[PDB]
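Listed below, chain by chain, are the residues.
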Amino acid sequence: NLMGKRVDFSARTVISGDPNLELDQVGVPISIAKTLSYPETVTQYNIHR
Amino acid sequence: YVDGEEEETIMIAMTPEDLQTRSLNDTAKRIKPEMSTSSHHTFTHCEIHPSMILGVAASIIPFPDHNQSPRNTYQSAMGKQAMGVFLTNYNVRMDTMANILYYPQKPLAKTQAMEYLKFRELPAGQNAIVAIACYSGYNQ
Amino acid sequence: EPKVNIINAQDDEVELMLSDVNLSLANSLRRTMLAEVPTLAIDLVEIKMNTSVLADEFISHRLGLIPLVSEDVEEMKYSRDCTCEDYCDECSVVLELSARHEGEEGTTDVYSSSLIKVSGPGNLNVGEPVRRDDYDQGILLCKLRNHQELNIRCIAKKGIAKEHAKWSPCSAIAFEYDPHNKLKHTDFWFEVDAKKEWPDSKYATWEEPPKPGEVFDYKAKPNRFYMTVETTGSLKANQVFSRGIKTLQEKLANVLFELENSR
Amino acid sequence: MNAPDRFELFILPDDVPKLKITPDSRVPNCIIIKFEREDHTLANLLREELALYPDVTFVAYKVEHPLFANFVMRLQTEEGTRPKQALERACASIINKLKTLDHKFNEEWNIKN
Amino acid sequence: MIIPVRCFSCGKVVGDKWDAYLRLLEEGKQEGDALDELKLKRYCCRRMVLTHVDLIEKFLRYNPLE
Amino acid sequence: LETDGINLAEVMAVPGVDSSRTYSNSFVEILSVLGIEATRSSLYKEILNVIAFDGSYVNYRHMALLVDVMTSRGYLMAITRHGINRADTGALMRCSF
Amino acid sequence: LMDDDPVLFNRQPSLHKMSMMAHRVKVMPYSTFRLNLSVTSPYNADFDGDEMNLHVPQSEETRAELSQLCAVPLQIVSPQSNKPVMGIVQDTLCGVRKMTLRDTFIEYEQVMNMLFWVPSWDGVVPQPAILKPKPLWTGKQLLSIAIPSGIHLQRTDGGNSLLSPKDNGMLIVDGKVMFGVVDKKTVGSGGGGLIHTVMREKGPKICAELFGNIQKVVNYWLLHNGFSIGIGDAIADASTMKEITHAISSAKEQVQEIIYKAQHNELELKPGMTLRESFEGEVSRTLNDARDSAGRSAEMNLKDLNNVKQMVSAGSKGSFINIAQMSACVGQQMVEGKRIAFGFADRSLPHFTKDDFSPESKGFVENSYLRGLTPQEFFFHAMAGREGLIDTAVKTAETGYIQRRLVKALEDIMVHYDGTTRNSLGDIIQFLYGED
Amino acid sequence: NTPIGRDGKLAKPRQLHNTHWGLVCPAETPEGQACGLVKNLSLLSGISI
Amino acid sequence: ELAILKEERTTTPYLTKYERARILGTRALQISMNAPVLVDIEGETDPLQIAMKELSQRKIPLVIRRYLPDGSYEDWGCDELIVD
Amino acid sequence: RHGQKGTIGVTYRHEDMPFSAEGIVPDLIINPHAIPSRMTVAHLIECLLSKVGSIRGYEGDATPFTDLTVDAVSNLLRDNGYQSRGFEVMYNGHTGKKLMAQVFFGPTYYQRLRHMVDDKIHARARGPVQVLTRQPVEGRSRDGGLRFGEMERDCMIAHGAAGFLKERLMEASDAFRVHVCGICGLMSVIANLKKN
Amino acid sequence: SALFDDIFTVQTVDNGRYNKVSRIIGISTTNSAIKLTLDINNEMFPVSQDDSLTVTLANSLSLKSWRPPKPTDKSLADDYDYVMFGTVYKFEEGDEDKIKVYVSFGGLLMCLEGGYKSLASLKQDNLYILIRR
RNA sequence: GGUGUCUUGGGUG
Ligand SMILES: [Mg+2]
Ligand SMILES: [Zn+2]
Ligand SMILES: [Zn+2]
Ligand SMILES: [Zn+2]
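Cut-off values and rules
- Residues numbered from 1 in each chain as written, not as in the entry; some residues may be left out.
- Chains lettered and ligands numbered in written order.
- Part of a larger assembly, values for the part shown.
- Heavy atoms only, no water.
- Near = heavy atom within 4 Å.
- Polar contact = N/O pair within 3.5 Å; in protein donor to acceptor, adjacent residues only side chain to side chain.
- Domains from an automatic or database assignment.
- Buried area = accessible area lost by both parts, 1.4 Å probe.
- Salt bridge = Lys/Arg side-chain N within 4 Å of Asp/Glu carboxyl O.
- Helix = DSSP H or I, 4+ residues; strand = E, 2+ residues; numbered from the N terminus.
- Nonpolar A, V, L, I, M, F, W, Y, C, P; charged D, E, K, R; others polar.
- Expected span 1.5 Å × (residues − 1).
- Contact = heavy atoms within 4.5 Å.
- Buried < 20%, exposed > 50% of the residue type's maximum accessible area, 1.4 Å probe, protein only.
- Pairing = 2+ DSSP bridges.
- UniProt positions renumbered as here; feature names shortened; annotations may be inferred.
- Axes fitted to C-alpha atoms, helices over the stretch in contact; angles between N-to-C directions.
- Parallel < 35°, antiparallel > 145°, perpendicular 65-115°, else oblique.
- Donors = N, O, S within 2.8 Å, 3.2 Å for Na, K, Ca; no water.
- Tetrahedral: all angles 85-135°; square planar, octahedral: opposite > 155°, others 65-115°.
- Patch = residues over 30% accessible without salt bridge, like charges linked within 9 Å, V, L, I, M, F, W, Y side chains within 5 Å.
- Areas by Shrake-Rupley, 256 points an atom, 1.4 Å probe, with all protein chains shown as cover.
- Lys, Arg positive; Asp, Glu negative; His and termini not counted.
- Charge placed at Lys NZ, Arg CZ, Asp CG, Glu CD.
- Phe/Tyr/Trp six-rings, centres within 6.5 Å; stacked < 30°, edge-to-face > 60°.
- Core = buried A, V, L, I, M, F, W, Y, C linked by side-chain atoms within 4.5 Å.

Let's talk about the protein's contact with RNA strand L
Okay, step 1: Taken together, 17 residues surround RNA strand L, and among them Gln 81 of chain B, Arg 11 and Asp 50 of chain G together with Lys 5 and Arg 142 of chain J come closest.
Okay, step 2: What you see for RNA strand L is that sugar and phosphate hold 97% of its atoms within 4 Å of the protein.
Okay, step 3: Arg 11 of chain G is positioned with one of its side-chain polar atoms (N or O) 2.5 Å from a sugar or linking oxygen of RNA strand L.
Okay, step 4: For RNA strand L, a base nitrogen lies 3.1 Å from a polar atom in the backbone of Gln 12 of chain G.

Some words on the domain arrangement of chain C
Residues and elements named next belong to chain C.
Okay, step 1: Examined at the domain level, chain C breaks down into domain 1 (1-38 + 166-263) and domain 2 (39-165).
Okay, step 2: In this structure, domain 1 and domain 2 have C-alpha centres spaced 34 Å apart.
Okay, step 3: Taking both partners together, domain 1 and domain 2 bury about 1,600 Å²; carbon and sulfur atoms supply 56% of that area.
Okay, step 4: Taken as a group, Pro 38, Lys 166 and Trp 167 account for 53% of the area that domain 1 buries against domain 2, more than any other trio of residues on that side.
Okay, step 5: Inspection of the region where domain 1 meets domain 2 yields three salt bridges.
Okay, step 6: The residue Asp 43 makes a salt bridge to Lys 166 at a minimum N-O spacing of 2.9 Å.
Okay, step 7: Seen at the junction of domain 1 and domain 2, the total is 15 residue pairs in polar contact.
Okay, step 8: Those elements that provide at least two residues to the side of domain 1 that touches domain 2 are α1 (23-35) and α3 (237-260).
Okay, step 9: For the side of domain 1 that touches domain 2, the class distribution of residues is seven nonpolar, five polar and three charged.

Things to note about helix α9 (residues 238-263) of chain G
Residues and elements named next belong to chain G.
Okay, step 1: Between its terminal C-alpha atoms α9 stretches 37 Å, which fits the 38 Å expected from 26 residues at 1.5 Å a residue.
Okay, step 2: On its buried side, α9 packs onto α10 (275-301) and α12 (320-327).
Okay, step 3: Just downstream of α9, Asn 265 is the residue with a positive phi angle, here 60°.

A closer look at the pairing of strand β1 (residues 6-10) of chain G
Regular strands show a simple pattern: their side chains alternate between the two faces of the sheet.
Residues and elements named next belong to chain G.
Okay, step 1: Taken across its five residues, β1 has five buried, putting it largely inside the fold.
Okay, step 2: Of the two faces of β1, the one holding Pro 6, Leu 8 and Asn 10 and the one holding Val 7 and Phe 9 are both buried throughout.
Okay, step 3: Sheet topology note: the β1/strand β2 (residues 20-28) ladder contains five bridges and is antiparallel. What sits directly across from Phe 9, in β2, is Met 21.
Okay, step 4: Here three bridges tie β1 to strand β4 (residues 51-55), and the two strands are oriented antiparallel to one another. Note that in β4 the partner of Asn 10 across the bridge is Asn 53.

Things to note about the pattern of salt bridges
Residue and element names in this part refer to chain K.
Okay, step 1: In total, this model carries 78 salt bridges over all chains according to the counting rule given.
Okay, step 2: In this structure, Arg 23 and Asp 39 form a salt bridge, with 2.7 Å as the shortest nitrogen-oxygen distance. Taken together, the residues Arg 23 in strand β2 (residues 21-28) and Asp 39 in strand β3 (residues 35-41) connect sequence positions 16 residues apart. Taken as a pair, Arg 23 and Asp 39 share a single burial class, namely buried.

Some points on the UniProt feature "binding site: Zn(2+) 5" (unreviewed entry) in chain C
Residues and elements named next belong to chain C.
Okay, step 1: The feature "binding site: Zn(2+) 5" (unreviewed entry), as annotated in UniProt, sits at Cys 88 and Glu 90 in this numbering.
Okay, step 2: Relative to the helices and strands, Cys 88 is located in the loop between β4 (68-70) and β5 (93-100).
Okay, step 3: Here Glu 90 is to be found in the loop between β4 and β5.
Okay, step 4: Classification of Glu 90 by relative accessible area gives exposed; the value is 54%.
Okay, step 5: Apart from residues lying up to four places away in sequence, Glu 90 is in contact with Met 76, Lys 77 and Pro 121.

Things to note about the interface of chain C and chain D
Okay, step 1: Across the boundary between the two partners, chain C contributes 43 residues, which contact 37 residues of chain D.
Okay, step 2: Buried surface at the junction of chain C and chain D, both sides included, amounts to about 4,000 Å², of which 67% is carbon and sulfur.
Okay, step 3: With its nearest N and O atoms 2.6 Å apart, the salt bridge here joins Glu 38 of chain D to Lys 251 of chain C.
Okay, step 4: At the junction of chain C with chain D, the criterion picks out 11 residue pairs in polar contact.
Okay, step 5: Those elements giving two or more residues to the side of chain C that touches chain D turn out to be β1 (3-9), β2 (13-19), α1 and α3 of chain C.
Okay, step 6: Ranked by residues supplied to the side of chain C that touches chain D, first place goes to α3 of chain C with 14 residues.

What about the interface of chain B and chain J?
It is common to give the size of an interface as the accessible area that goes away when the parts come together.
Okay, step 1: With 53 residues of chain B at the contact, the number on the chain J side is 62 residues.
Okay, step 2: Here chain B meets chain J over a buried area of about 5,300 Å², counting both sides, of which 62% is carbon and sulfur.
Okay, step 3: The interface formed by chain B and chain J holds one salt bridge in total.
Okay, step 4: Across the pair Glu 59 of chain J and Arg 120 of chain B runs a salt bridge, and its minimum N-O distance is 3.5 Å.

Here we look at the arrangement of the chains
Okay, step 1: Most contacts, when the 27 pairs of chains in contact are compared, are made between chains B and J.
Okay, step 2: Over all C-alpha pairs, chain D and chain F never come within contact, reaching a minimum spacing of 39 Å.
Okay, step 3: Separated without contact, chain E and chain K have their nearest C-alpha atoms at a distance of 35 Å.

Some words on the sheet that holds strand β10 (residues 176-179) of chain G
Residue and element names in this part refer to chain G.
Okay, step 1: Read from one edge to the other, the open sheet built from three strands follows the order β8-β9-β10, with strand pairing classed as antiparallel. Edge positions in the sheet fall to β8 (153-155) and β10, since each of these pairs with one other strand and no more. Pairs of neighbouring strands in the sheet enclose a mean axial angle of 25°, with direction left out of account.
Okay, step 2: Bridge count between strand β9 (residues 170-173) and β10: three bridges; the pairing is antiparallel.

Side note on the sheet that holds strand β15 (residues 428-430) of chain G
Residue and element names in this part refer to chain G.
Okay, step 1: With antiparallel pairing, the three strands of this open sheet are ordered in space as β13-β14-β15. At either end of the open sheet lies a strand with only one pairing partner, and these are β13 (414-415) and β15.
Okay, step 2: For strand β14 (residues 421-422) and β15, the ladder comprises two bridges, and the chain directions are antiparallel. Bridge pairing in β15 places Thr 421 opposite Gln 430.

Some thoughts on the packing of helix α2 (residues 69-78) of chain B against helix α13 (residues 375-410) of chain G
Okay, step 1: Between α2 of chain B and α13 of chain G, the shortest axis-to-axis distance is 8 Å and the interhelical angle comes to 75°. In this view, α2 of chain B runs roughly perpendicular relative to α13 of chain G, as classed from their interaxial angle. Contacts from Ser 69, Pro 70, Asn 72, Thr 73 and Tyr 74 of chain B of α2 of chain B reach α13 of chain G at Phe 378, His 381, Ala 382, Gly 385 and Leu 389 of chain G.
Okay, step 2: When the residues that make up the contact of α2 of chain B with α13 of chain G are grouped by side-chain class, the tally is five nonpolar, five polar and no charged.

A look at the coordination of the zinc ion (ligand 2)
All names here are of chain C.
Okay, step 1: Within the protein, the atoms that donate to the zinc ion (ligand 2) are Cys 82 (SG), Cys 84 (SG), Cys 88 (SG) and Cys 91 (SG), at distances of 2.3 Å.
Okay, step 2: In this structure, the zinc ion (ligand 2) is surrounded by four donor atoms whose angles at the metal cover 97 to 116°, and the resulting shape is tetrahedral.
Okay, step 3: For the zinc ion (ligand 2), all donor residues lie on one chain, and their spacing in sequence is C-x1-C-x3-C-x2-C.
Okay, step 4: Judged by relative accessible area, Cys 91 falls into the buried class, the value being 0%.

Concerning a nonpolar patch on the surface
Okay, step 1: On the surface, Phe 176, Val 178, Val 180 and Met 187 of chain J cluster together into a nonpolar patch covering about 450 Å² of accessible area.
Okay, step 2: By relative accessible area, which is 60% here, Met 187 of chain J ends up exposed.

Observations concerning a negative patch on the surface
All names here are of chain E.
Okay, step 1: Taken together, the side chains of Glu 26, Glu 27, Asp 33 and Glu 37 define an acidic patch exposed on the protein surface.
Okay, step 2: Inspection of the secondary structure assignment puts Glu 26 in helix α1 (residues 18-26).
Okay, step 3: Look at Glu 26 and you get exposed, because its relative accessible area is 66%.

Side note on the packing of aromatic side chains
Okay, step 1: What the rule picks out here adds up to 41 aromatic pairs over all chains.
Okay, step 2: With centroids separated by 5.4 Å and ring planes inclined at 45°, the aromatic side chains of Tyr 103 of chain B and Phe 58 of chain C adopt a geometry described as tilted. Residue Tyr 103 of chain B is located in the loop between α2 and β3 (109-110), and its partner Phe 58 of chain C is located in helix α2 (residues 56-64); the two belong to separate chains. By the burial criterion, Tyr 103 of chain B is buried, and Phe 58 of chain C matches it.
Okay, step 3: Between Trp 206 of chain C and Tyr 226 of chain C, the aromatic rings sit 6.4 Å apart at their centres with planes inclined by 65°, giving edge-to-face as the arrangement. Residue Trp 206 of chain C is found in the loop between β11 (174-177) and β12 (224-230), and its partner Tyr 226 of chain C is found in strand β12; the two are separated by 20 residues along the sequence.
Okay, step 4: Judged by its relative accessible area of 1%, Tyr 226 of chain C falls in the buried class.
Okay, step 5: Here the aromatic residues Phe 175, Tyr 177 and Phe 225 of chain C together with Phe 19 and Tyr 91 of chain J are joined through ring pairs into a cluster of three or more.

Quick look at the nonpolar core
Okay, step 1: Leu 63 of chain C together with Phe 35 and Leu 50 of chain D are the most contacted members of the largest nonpolar core, which has 281 residues in total.
Okay, step 2: Both of domain 1 (1-38 + 166-263) and domain 2 (39-165) of chain C provide at least three residues apiece to this core.
Okay, step 3: Discounting chain neighbours no more than four positions away, the residues touching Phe 35 of chain D are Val 255 of chain C together with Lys 18, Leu 19, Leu 42, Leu 46, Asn 70, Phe 71, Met 73 and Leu 87 of chain D.
Okay, step 4: Residues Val 47, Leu 53, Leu 119 and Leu 127 of chain K belong to the second largest nonpolar core, which totals 36 residues.

Rendered as structure tokens:
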């Protein structure tokens, strides 16, 4: 519980190979992309988006 | 019948042809062993068939004598996880989980043991047409 | 300049040699006939009573895989382009299947011939399940015992093979060129001799084998293509070929339209 | 559960254009065309048609991902010719060739009947 | 379970040939000859019919429950 | 010469032997006979032999650090509880192991 | 979650720092993760069931930490053995070997497609190696398009001249390959190769893009070329079979002579070794060299069109032992370092007579995988494979314990701003890190 | 099932043995901690009553 | 007492990878909280890229305090450490 | 049935797949790099036998330790009008051009294993916690979280990412607030936040 | 407008290693001790032993993005049968009057010995090779 | 607005 613990904001699924991805790219399923989230502070450069 | 202890005292011929030494030259068929050290063999028993040493799961494998043994072990493990038709009354049973293949097919290459294992009556696979190619890089 | 030479022509298949066309054209035609020629297939099933051993979606998959006559399907509308909130009489064909076993011995087989066309945009010649003969029984669909019943109302719609294989008018389009490997597009694997170990093409006698004194030619391109279109009875072979050509024409016309009207 | 619809391969949305042209500034008189909702069937046909014109210097296409139904095509032409004009010329030529092919097939099929 | 309508590999209709195949096997013809006569020429279509196991006969033996 | 068993001090004395080059594969013996720096050298030699046996190559600095941690106190500190937990570090580190 | 977000990606067990790396997100359909295939080596992953975890940083500070410390391009070179850990693997390798052969030529249309496939192509079509009577490009030109400019590489393979009759070695001038088949020795993860050179001269970003450029070009070319393997690639002709069987018979005669010498008290002992242990060592030497010689014959029989030979020569899968075991002889089976023990009373199996020391009795498999093993040979090979499986299953726990103890022993050691290497107590372990 | 247990790294009882011929399958055994301890009867094996 | 005078600063003049990573993260977080931006923002809107732009022009108004193992420390402004 | 397991990487339609001159397209394309180092020769032999059996309309016998050989099977295959080693000339689906290499082609018996991706795919943003520890629960079925164990901590320490480690272990997990006595250092401080 | 004109007599041709590529050795007919080793495409320019090749080396074909040639334009290559483009990667100003030049024609290699007075002008960046007969 | 705990056995990586 202290040296290691279970954490939020994580995902897991089987991996596949993709010759058409860049080296530092990972393909993320849409369902996982929608289940996970990132909290983004509203600023005067991202308010419209 | 012989148990392990009695097996110590007997001399088993491997195949019914081994009971007599043959006098060949087939570049394809494997050389049945010379067995030259011993002048005259006095056999006491013969195997009914050497393939009977395998069990239920290993008997599905075609030509297991052309494989390295770890692959035979991996198949023995994986064939138990293969979707098929476990029973014909699966529709009147209520189990936690059940998987039934739509269109089970018997295998085109078959071992004699599967006649006794009912693998041709309740198959657990399908004969796909397979090419072996580096086609587009998505099969690496 | 393009030329066609039909070698065999029956209702289900046509075998023809195509010449004086680029290989890209022939392959585009093969792909279009396999994938983009519209047909009619059952796309929506409504179960009333299904007491057979088979599951509802098992039977639905089989019914979706039944070939239907699609001669007039081009005069029909895609169910996504009709103003009707629900498929109307003009963008869909409605079929009925009713089967029932009475008696306490024997098994009643449910065949595709038992499908009955009820509505559809008449008098268009679409919808009927394809029969080989007058006496054809069609495809096996299910089997029924005592008191087992099947009551199904299927909807058929217009689609192409890209969306789902059940809309493919073709089974296998055999396609080859250069039987003698004069162009050297392949390089034969061998153990002792590559000429003995490789079987001849079935169109080897249609072209002169290379002479031993001959040298390699670096100007020759592929020019003759031998292809055998087969159908499932939903469309005829000449209909499949002509509508594949027309579909390719209309795709090219769409491209031309977008180019001109983007100016 | 993550499988997209099988009709998004060919059905063009209303907010998605069929065709979009941008110029390649690196080399003179070149353009990059993105075809939406198409695949190798049109691409290879157009590419091998355009490759045989004298005034076309570069032509190529690719399908960057098999799971997305589009391709992108690079086409260059000589100074006088415009790549767009060569594209209509190629489309019209293939249309005429297909029409001739259909006519000859129909005549052959009628005689074979 | 029950004979597939189409051939998996190419899509030829094989679902209308199972009964003819059984009748051919009844009159003594061996499997290759029966598949030849039904005009199944590609080995994909042939293995569709040659490897089918008809399990619906076994499922139909349990009495209808209504 | 190679020999079964170990007696470094007495064999080193035997006349006819190069007394300045006799080596032992037991670095505890080296420590008892030759000191701690020779112990460090012997320890690195053994670890390099074990790793590079099969053609694997580990960069020098990592094994140098490992042998420097084991000989820093003046005596051989084993990589075990009995070695690690006799340090003067905090209680929470030792308990976490 | 959206495109280009940095996320930490991870596979267990996490044996080293390159098992957890930061990736940019690309959203895709289906429920499976997608990985470029060159990063499967540091993860030790493959695509037969494996699963990996994805962790999303929840602030801007952790995003910056991931993108500036854990990103994949930054981990190409490892400090474990100061060599790259990511290389070119599988088809991209085999395909580049086939594509950069001297007699590989490409026409204008495939050249144009391949050029357009390179993401970093500058839009200039290189002149063809042949201009008349027909423009043809060689595969070396198309691969040189992928390599960045300003790259020089030089390698000598068995003392080859600058004219390289075998096309071995390597010479790269200004990023262009002059000669040399490109295989594992050039684009593998070994040190001194092309990947290490581009990493050291151009940086991690350009080196990361090199993987993609080479992968795309070679994958397109191999898609339109093709590569396969069949049962015929493991079959040797009759003369090589005669050579192999003659070598095996010669080794059986040698073993019988050693047996006669041992039985008539004529064997020459070895230091620190018993007469029986000397006998066993000599027999094992003889039979191992027998298998190696038969394998050498089989390898020499293989043509340059043999697909197994192409895979081995590329260095992308398989080795000489694989060819030997598939085509010539499986050879001798070992259980716990020794030959097959007399598990029965004075014999290995009950189909042999007592005290039979011949190679067949104690686990020599004379056949190849193509020919098929006999039941006795099958059982002995099964015993050996079982030994391997037990070892694999049982040693991983000792190894994990050892690594845990090492980590706990060394966890508190850091390089400090004065250069020293100290533990948590502040005690000095080294006055300068690595002594350099 | 042989009840040796995983407490102990003795690889000897996990090993395929010469006397196993004809009695237990030489290939079918679980991977991991049950390797060699869980055995499977050969097709013609039989247990005395 | 523990601060070191600007003359006897004997640590490296180069921004390390960890210092660079943390400086960029902190500046990005600050800018995302509607802090003023010193560089001219032309095209980019991502706070991390803006922070990178500020870092390159030596215009990040932060200080790295490098603690030594004896507890003392040296102070270095971001604009005077050297960025590669 | 020869230890050759794998997952589907992609799917292609009928017109995109490579075809032989008879118009046959494969159901399945596996990679050649799985044969050499694994030495599953029985896989190839069984593909050849299955091809012959399907062409001649019977079932091949693959019982181990029989007198069957590859040469006899190849003789049969060549007598049936096919390349005796199971190679075929196939064409590229995208372009119709011949492939420069020939492809080992034929039927093989495959199995549908119980491991599907849709039974494994799991994501969690926030969810139920444990009663005792207040940490994410364990289990895909319970909408749990993934364990960031000790070796993951070792890898983050090697990377030097201290902030990420602190954020994993605190804000993505059981973060809490307590009040301590500045004098006695016990968490025995009674706090009434609404009364300050 | 050419850098090195000469006629060569082909001595040996060892196809051996390759199928579309053969390496040839030839001494100049007019000035012996001038050796030429060259890899050539068999299918584009087949060569037999003892044949006679007119070999030219030039730095240009005139009298940066390659485009297919028109019929209407003319170049130096119009009078030859086999034209290749290559990169000089080694100029061996070696022994007394042994001068070796190394050219890579996209991986097809060439070596040319001879006196300094013949190959002095062959010290270029890129070289064309042209062949007749 | 709040979907509980521990052991045994069989697998996947
Ligand atoms: Mg795996
Ligand atoms: Zn309507
Ligand atoms: Zn078929
Ligand atoms: Zn207090």
